[PDB]
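1. Sequence first, structure after, both from an experimental entry:
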Amino acid sequence: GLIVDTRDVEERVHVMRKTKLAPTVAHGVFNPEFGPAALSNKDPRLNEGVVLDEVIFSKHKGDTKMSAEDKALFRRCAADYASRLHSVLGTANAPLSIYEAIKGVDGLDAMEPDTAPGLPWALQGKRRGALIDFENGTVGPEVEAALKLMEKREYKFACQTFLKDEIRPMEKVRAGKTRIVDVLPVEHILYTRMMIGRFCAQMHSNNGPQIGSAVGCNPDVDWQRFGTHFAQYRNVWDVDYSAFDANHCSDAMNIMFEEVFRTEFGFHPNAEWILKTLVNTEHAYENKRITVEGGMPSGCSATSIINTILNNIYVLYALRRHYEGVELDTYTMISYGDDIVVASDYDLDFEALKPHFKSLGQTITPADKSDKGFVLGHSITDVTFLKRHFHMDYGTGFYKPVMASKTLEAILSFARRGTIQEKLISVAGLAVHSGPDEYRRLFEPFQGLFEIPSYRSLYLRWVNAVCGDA
RNA sequence: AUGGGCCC
RNA sequence: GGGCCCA
Ligand SMILES: [Mg+2]
């Protein structure tokens, strides 16, 4: 985005924190080029000539403004995508009752009961349960007041900046490249769900290449689906963006909301309005306050859906800006936020597409090696989606989601106090797909101390999940 | 944190 | 309810 104003106020928002990630019995064994991100400015692991607060916000490098010609072309692409999207989902996009938007609906999880409540409730130390009844699907007086102030479109708010406590590659840990989370107030989240939840749930249950969205998918079973689909194309591309989320420009964001969430598609008028409040945002960070124009907040309801939509639109816009006759089935793609796979029988030149993405302030680079240039001729067994490869399971013939061994080692090397056993069982469902030998090697540091699920027990579970028959 | 999926 | 992983 674009930082337009930075001011210091007395009302402090404390987030400091040491890490909650302790090394495991495996860190002494795997020695991963990974560690927890730095969360204090006096971290000994930091480089010389690095400040946390400067690198934290160093992603906001400007809000790319668009020409009339480019704005109108984005609007056609947004309309054309919306058209395909709504024809597959239906136009059954009526608002959610308060109850619905809390407890969820078929294909939309229930709101989180005990996650951060956001501002200004965080400064009053009032937990999320203090404001909403998550059993009965009703809201307290403070939320109904904001709710009525959202219908009337007067509602203001500030985002709360959290430093993300997670494992990062040491190169980035040392560079102070800690990722940030932007917590919106819990009433904003509820109202957004009211406005676009019925859309969101329908997105989820219809995930696939057809709507170009993997949000709602389950890699274990859905890998076979995605695999076979992309298998039948002459060209496949693993495209990386660089800070996809922050680089969404006002114009693109705004135009996307105007074309996708139209009342003619059955959306409440305030659907467009609620989503547009994400464009110009106030972020709170200890003493400082940052007014930003552009970019997506990570923490808004429907963040992944918005990113995926925008992604689907970016590819169309970029291709149409370079070629002629390009229509939705000139190509195929699936995305989950920034993460994307594109395919086509045509020989598209992504290298030439670079500057077209650049007009939306997006920088595309090949995922593959970061090799000098986008190449042609790649297949699905060459690419990565959601940190998983597409590999053929040697004994069911089905595609399986395989994670890089180095990644799995990193994961297994750190855990929060008293969460190790639990975590080992979870990670096991991810590691099974690496094969018996590699499954054994990965968990061997934990032998004799924790319960390790057998390879066999988890392969058998997977086979049933992917196909009830074989 | 938003969410998705999964695990108990 | 508590956890994990991915974006
Ligand atoms: Mg990828």
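-> Cool, got the structure. Numbering: from 1, shown residues only, chains lettered A, B, ... in the order given.

2. of all the residues in the stretch 301-450 of chain A, which ones are close to RNA strand C?
-> Counting by CB under 7 Å from any atom of the strand, the stretch 301-450 of chain A comes close to RNA strand C at A:303-304, A:307, A:336-339, A:386-387, A:407, A:411, A:415-416, A:419, A:422-423, A:426-427, A:430. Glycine gets a C-beta too; all of them are placed from N, C-alpha and C.

3. Residue of the stretch 301-450 of chain A nearest RNA strand C, please.
-> Nearest residue of the stretch 301-450 of chain A to RNA strand C, counting by CB to the nearest atom of the strand: residue A:337, 1.9 Å away.

4. So the closest residue to that residue other than its chain neighbours, which state does it fall into?
-> Excluding its sequence neighbours, the residue lying closest to residue A:337 (CB to CB, 6 or more residues apart in numbering) is residue A:307, at 4.1 Å. Of the three states, residue A:307 takes helix according to DSSP: H, G, I helix; E, B strand; the rest coil.

5. ok, now residue A:187?
-> Counting by three-state DSSP, the backbone at residue A:187 sits in helix.

6. Any figure for the gap between it and RNA strand C?
-> Computed as CB to the nearest atom of the strand, to the nearest Å, the residue A:187 to RNA strand C distance reads 20 Å.

7. That residue against residue A:141, yeah?
-> No. Here residue A:187 does not reach residue A:141: they are 11.7 Å apart, not a contact under CB atoms under 8 Å.

8. and these two? which has more neighbours close in?
-> Just comparing residue A:187 and residue A:141: by other CB atoms under 10 Å the higher neighbour count belongs to residue A:187, 24 against 7.

9. List the residues that contact the more buried one.
-> When contacts are counted by CB atoms under 8 Å, 6 or more residues apart in numbering, residue A:187 touches A:131, A:139, A:143, A:146-147, A:150.

10. Report the beta-bridge partner residues of residue A:281.
-> Beta-bridge partners for residue A:281, by DSSP bridges, are residue A:292.

11. Contacts only, for it.
-> A:158-159, A:182, A:291-292, A:295, A:297.

12. which one of those residues is nearest residue A:236?
-> Using CB to CB, residue A:295 is the member of the contacts of residue A:281 that lies nearest residue A:236, at 29.2 Å.

13. what about that closest one, distance to RNA strand B?
-> Counting by CB to the nearest atom of the strand, the gap from residue A:295 to RNA strand B is 13 Å.

14. Report how many residues lie close to that residue.
-> Residues contacting residue A:295 under the criterion other CB under 10 Å number 26.

15. Same check on residue A:67?
-> Other residues near residue A:67 number 10, with proximity taken as other CB under 10 Å.

16. Please work out how many residues are found near residue A:353.
-> So residue A:353, with other CB under 10 Å, has 21 neighbours.

17. Tell me the secondary structure of it, please.
-> Using three-state DSSP as the criterion, the local structure at residue A:353 reads helix.

18. And for it, nearest residue in space, chain neighbours not counted?
-> In space, residue A:353 is closest to residue A:318, 4.9 Å off (CB to CB, 6+ apart).

19. Touching, the one you found and residue A:358? I think so.
-> No. Counting by CB under 8 Å, residue A:318 does not reach residue A:358; the two are 9.2 Å apart.
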